Every structure is written in C-alpha cells, then in structure tokens.
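What follows is a single chain, given as structure tokens, in the form deposited in one PDB entry.
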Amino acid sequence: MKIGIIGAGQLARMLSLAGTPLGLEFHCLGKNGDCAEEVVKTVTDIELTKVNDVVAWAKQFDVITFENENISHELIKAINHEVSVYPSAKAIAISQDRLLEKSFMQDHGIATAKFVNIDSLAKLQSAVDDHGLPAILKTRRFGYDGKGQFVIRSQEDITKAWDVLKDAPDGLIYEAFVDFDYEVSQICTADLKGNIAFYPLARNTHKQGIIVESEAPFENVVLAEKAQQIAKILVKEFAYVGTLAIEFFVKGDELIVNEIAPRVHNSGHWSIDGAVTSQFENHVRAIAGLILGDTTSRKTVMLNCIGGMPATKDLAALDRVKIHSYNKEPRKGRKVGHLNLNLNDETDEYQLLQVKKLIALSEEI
C-alpha cells in the first residue's frame, strides 16, 4: 500500500518513521529540502492551487492524508472523488476556520471562549462592550503563532486592531480571554469503523503562545472522562478517521474547548516513547484500514526545541533522553526537534533538569 501525505514537514517525517515498519510506503507533496524527504520514497513539488496537478499526483496512491489543516477543503473534496482522503473534508473545513470551529462547538452545546464574527469596526466595539477585555482580534484562517492577530487590552486598541487586520482575506474573529488554570489536550485515533483509541490527557505548558512542554498521563479522572466524551462527539460528527487532537482550557473541574487539530499534534509527541503505539503509528494504522495498536502509556515528559537545539553530543550524555531532531536549521520560533523522557524515578527527574538547562541555553522563542 502507498500512502500520500500532503506536506513534507516534521509531522510527515514522523508519520513515515512510524509507518514504514508496518511495511507501508510513503510519498509526500512538498519540496526536496523539507525534513521528511530523507525518510519517504518520493517528494513531489506541486503548488496546491494547481488542483488538477495535485489530483493527478494523488491518484498514484492508495490513500491520502495531510499534515496541515489550512489546506483548501475543496481541494480535499476533489482528491477524495478519486482516492480516499482521511480525515474528512468536514473536519478540515471546521477546524481550519476559528469561527466555524467555535460555532460548531456552540451548536453542539460544547463550551468555548466567548467569540464574535467581526465584519466591521462597529461589530468589534459591540463585541468588547458585550464580552469585555482583554481579548484578541484574530484572522479566521491561518495566523500561525503570533501572526494574524492583535491583542486588545484598552479601548484605544480597538481602532488599531481593526485598521491592521480589517483587510484579511478570510475574515476576523473576536475572542475574549479565558482565565484558565492550566491547559490539557486529548489525543485519540479513530479507525475506519469508528472504534476509538484514547491516549491519556497531556498537560501542556506554553511560552509566548508555543507549546514548550507536554506531560502525560495527566491523571485527573473527571477531566479525562469529560474530554473523552468530547472526542467521541467530534469523531462521530466528522466521520473521522485518523488521529485527532483537542486542546482545552481548564477552569477548576471544568473543561473549555480551545481549538482542534485534525491530525497528529505537538502535544502527542511524548507518545513516541511513552505509549505502546504512538499517535503517529496509530494515524497510519487508521488511514490504512488497520486495527489500531494498544495505547497503554507510561509517565513521559516532552520538551520542545524552538529556534535552536542543544548539541547532540550534550543530549546523548543524558542517556535516557530520547532525541528527536527534525534535521532542520535554526531560526527564531522554528520547531527544530523535541526531547522525550520517561519519568520512572530520581535518575530521570534530574536528567530532566539537565535537559531543561541545555534547552534554556539553546532555545530562541
């Protein structure tokens, strides 16, 4: 079986590392210099706007998946007429547009931050009048990290936010800040028949809006049960096949949906070294029509390497640390690798401090 992946970044790289031992063959749409290239059979560079050319590429394979949900869902529909794509165009359409995403949650009685579609300055003033500050004006589509957004903290920021962002091609959304205690994510995988394998909750720490640490299992039984119910709902409504990630804000014993990603996700990278079957292997099994692998887990911390990465020789000296370099070059804000460590005992917790020190000296956020 041949699997085509749209995108040749680190998620594609890790999908192939996980899926290749299953005897599956991987091909990416991307560029020669991209980090998945060395671990996939072929890479083909096609502009996504060339729908006919993308479809012709896709027809070479048995199933197609993708690593970036910001892709046109209509392109996905066109491909799916010829070769099965997973997960669904509906999942992409909803997850990729913040307004559609929050509106979908609301329509299903699922809690989110307060939000308003912003299509005029007057609408923004009304949104602030109704839901208050601090808040953020964001592009509905795209806006990777700090891009496509303006944080509104004072009345005088309202007009400034509007003037900066009003011409965004795909519109804007107001979102009120949530005063959460911490953040967690629920990752799961759904097979072709709708059976779901659940990972334990991961607790995620962000710095400057980027995940820097993920720890699993996060053993709060009430939250986990609630998160699992939400996952089941999204899987059904999207007719979802593959790995799905849901990020939450936590307030006391309540969950609030933050956002979803219809793919393997950074907050699941711990599962490479902490679960019997990683989120990557299971995504591959799902889309290949195979039964999912066991997701029994053990305590693991994942530390992200942003901007730069400690020297491999320094990391290797911490002999229980599992190194995941994506073989990228440094650049401020760029995800260049991550480190996983099982936490069983004291030798582990102090190897962890050493990793943190190395990361602190190498990162650029």
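When you see a residue number, it is the position in the sequence shown, counting from 1. Think of the rigid core as the biggest set of C-alphas that the two forms share within 1.5 Å after superposition.
Chemist: What stretch shows more C-alpha movement in 4 other deposited structures of this protein relative to this form, 128-136 or 201-209, after the core is superposed?
Modeler: Once the cores are fitted, 128-136 deviates more in 4 other deposited structures of this protein.
Chemist: Looking at C-alpha RMS in 4 other deposited structures of this protein with the core superposed, is it 238-246 or 151-159 that drifts more?
Modeler: The more displaced stretch in 4 other deposited structures of this protein turns out to be 151-159.
Chemist: Which has the higher mean CA temperature factor in the PDB entry, 171-179 or 238-246?
Modeler: Between 171-179 and 238-246, it is 171-179 that shows the higher mean C-alpha B-factor.
Chemist: Mean CA B-factor: is it higher for 159-167 or for 201-209?
Modeler: The recorded data point to 159-167.
Chemist: According to the deposited entry, which of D191, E219, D294, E215 has the largest Cα B-factor?
Modeler: Result of the comparison over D191, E219, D294, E215: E219.
Chemist: Looking at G274, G268, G148, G289, which has the biggest Cα B factor in the entry?
Modeler: The record points to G148.
Chemist: Taking the C-alpha B-factors as the PDB entry records them, is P87 in the lowest, middle or highest third of its chain?
Modeler: Answer is lowest: the recorded C-alpha B-factor places it there.
Chemist: Among the modelled residues of its chain, does the C-alpha B-factor of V54 lie in the lowest, middle or highest third?
Modeler: Middle third, going by the recorded CA B-factors of the chain.
Chemist: Can you work out whether the C-alpha temperature factor of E254 puts it in the lowest, middle or highest third of the chain?
Modeler: Its C-alpha B-factor belongs to the highest third of this chain's values.
Chemist: Taking the C-alpha B-factors as the PDB entry records them, is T139 in the lowest, middle or highest third of its chain?
Modeler: CA B-factor rank for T139: highest third.
Chemist: Against its chain's modelled residues, does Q186's Cα B factor rank lowest, middle or highest third?
Modeler: As the PDB entry reports it, the C-alpha B-factor of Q186 lands in the lowest third of its chain.
Although it is not shown, the form deposited with a small molecule bound is what the next lines describe.
Chemist: Is the gap between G209 and the small molecule in the bound PDB entry 4.5 Å or less for some heavy atom pair?
Modeler: Yes, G209 is a contact residue.
Chemist: Does the 4.5 Å heavy atom contact test between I136 and the small molecule in the bound PDB entry come out positive?
Modeler: Output for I136 is yes: heavy atoms within 4.5 Å of the small molecule.
Chemist: How about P169: is it within 4.5 Å of the small molecule in the bound PDB entry, going by heavy atoms?
Modeler: Because no heavy atom of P169 falls inside 4.5 Å of the small molecule in the bound PDB entry, the answer is no.
Chemist: Can you work out whether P217 and the small molecule are in contact in the bound PDB entry, taking contact to mean some heavy atom pair no more than 4.5 Å apart?
Modeler: Although the small molecule is absent here, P217 would stay clear of it in the bound PDB entry, with no heavy atoms inside 4.5 Å.
Chemist: Heavy atom within 4.5 Å of the small molecule in the bound PDB entry: which of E254, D157, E237, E259?
Modeler: That would be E259.
Chemist: Would you mind picking the one in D181, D145, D119, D163 that has a heavy atom within 4.5 Å of the small molecule in the bound PDB entry?
Modeler: Going through each option in turn, the one that passes is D145.
Chemist: Heavy atoms within 4.5 Å of the small molecule in the bound PDB entry: which of the stretches 190-198, 78-86, 103-111, 136-144 has them?
Modeler: Among the listed stretches, the partner-contacting one is 136-144.
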